[PDB]
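Q: Letter by letter, the sequence shown follows residues 26 to 164, 172 to 238, 240 to 252, 254 to 292 of PDB author numbering. Here it is, the structure in full.
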Amino acid sequence: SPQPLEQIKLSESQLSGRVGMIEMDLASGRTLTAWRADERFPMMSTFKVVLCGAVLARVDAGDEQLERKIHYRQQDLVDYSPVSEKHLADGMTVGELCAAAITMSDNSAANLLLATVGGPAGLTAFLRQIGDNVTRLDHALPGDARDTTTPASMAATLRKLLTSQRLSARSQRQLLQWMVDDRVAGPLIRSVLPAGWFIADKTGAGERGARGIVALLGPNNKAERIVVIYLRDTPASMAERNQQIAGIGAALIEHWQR
Ligand SMILES: OC[C@H]1O[C@H](O[C@H]2[C@H](O)[C@@H](O)[C@H](OCCCCCCC3CCCCC3)O[C@@H]2CO)[C@H](O)[C@@H](O)[C@@H]1O
Ligand SMILES: *C(=O)/C=C/N[C@@H](C(=O)O)[C@](C)(COC(=O)CCCC(=O)O)S(=O)O
């Protein structure tokens with residue numbers, strides 16, 4: 026593979042789309058690679074990690090419990106509810122809702138959780154409170177800033193949730209574990225990663242070719259770096275979008291020591 030930046034450029038050329046990317050040391054926030062890092066991209070399902078960060082902040086504050094059982098009705102379900110559709114009789118705990126939202130991208134779970142943090146306005150206020158003045162949730173054509181972030185903002189926000197003292201030790205540990213447990217792409221990624229490489233992640237997909246991943250990655255079985263990659267405005271097949279992101283991954287892996 027070529028160098029990371031060379032591969033990012035090749036991916037834009039092949040996809041006819043915009044790629045946005047940050048590679049960041051998790052412990053320190055050192056930025057290693059930045060490409061369109063201040064440009065806006067649709068977050069898609071990647072917002073679910075930030076959502077559950079806000080849920081954990083309420084738990085830490087004494088205003089929520091991960092144990093608390095939420096009962097919901099079939100009429101409350103929205104499109105794509107692979108876990109939540111199974112619990113109409115018995116409900117789900119707030120913690121289970123977060124696990125379903127992050128690890129399965131369960132939309133009904135995310136919707137229920139979003140209500141608890143005061144909707145999109147409430148989540149946006151949470152972001153402003155932790156110093157993210159860029160990311161916004163309002164609920172995919174160009175010029176629409178709704179439900180968007182930048183690679184730099186998302187990376188900084190994820191770092192703050194995972195490592196700063198904004199969340200309790202236990203809550204940091206929980207948020208990381210939900211990402212380790214991703215079922216959408218985690219096992220697939222492991223299957224193609226060389227031995228010794230740690231992965232935790234949340235994926236996203238959307240209209241007009243939108244595709245993305247927020248991940249922790251590193252050799254020696256350590257979450258050494260945050261990697262955020264967003265694609266937008268490409269007509270490419272999902273398989274091709276996946277392959278291009280994987281290719282950027284390969285360039286990082288082959289050329290890690292920078
Ligand atoms: O340094 C040489 C390494 O190169 C290859 O590994 C290949 C691997 O066989 C391939 O499957 C992967 O594809 C990349 C798959 C990445 C999966 C997605 C990555 C995500 C994670 C972070 C956020 C965005 C991308 O590339 C690497 C590097 O060439 C060899 O197989 C391996 O033995 C060796 O250790
Ligand atoms: C989050 O990114 C959601 C993406 N797409 C869903 C949606 O728009 O609600 C779909 C229902 C597809 O969902 C999936 O394939 C699950 C995995 C999505 C993910 O990568 O998180 S819609 O058909 O696009």
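We treat Cβ as the ideally placed atom computed from N, Cα and C, and that holds for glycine.
(1) Check for me: the beta strand (DSSP E) holding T58 runs from which residue to which?
(2) Please return the same chain residues whose Cβ sits closer than 7 angstroms to the Cβ of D163, not counting the five positions on each side in sequence.
(3) Give the residues whose C-beta lies closer than 6 angstroms to at least one heavy atom of ligand 2, in chain order.
(4) If distances are taken between C-alpha atoms only, which option among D88, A284 and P269 comes closest to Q39?
(5) Tell me whether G143 sits in a helix, a strand or coil according to DSSP, three-state version.
(6) For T189, which option in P252, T118 and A248 has the closest C-alpha, if you only look at C-alpha atoms?
(7) So what does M117 bridge to, in DSSP terms?
(8) Can you tell which of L286, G245, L250 and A257 has its C-alpha closest to the C-alpha of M68?
(9) Relative to the C-alpha of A134, which residue among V159, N158 and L102 is closest?
(10) Does DSSP put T189 in a helix, a strand or coil?
(11) Contact between the region 224-238 and the region 56-72 is defined here as three or more beta-carbon pairs at a separation below 8 angstroms; is this criterion met?
(12) On the criterion of 16 or more Cβ atoms from any shown chain inside 10 Å, does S53 qualify as buried, or is it exposed?
A: By the coordinates alone:
(1) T56 to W60
(2) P145, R178 and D179
(3) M69, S70, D104, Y105, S130, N132, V216, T235, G236 and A237
(4) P269
(5) coil
(6) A248
(7) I95
(8) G245
(9) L102
(10) helix
(11) yes
(12) exposed
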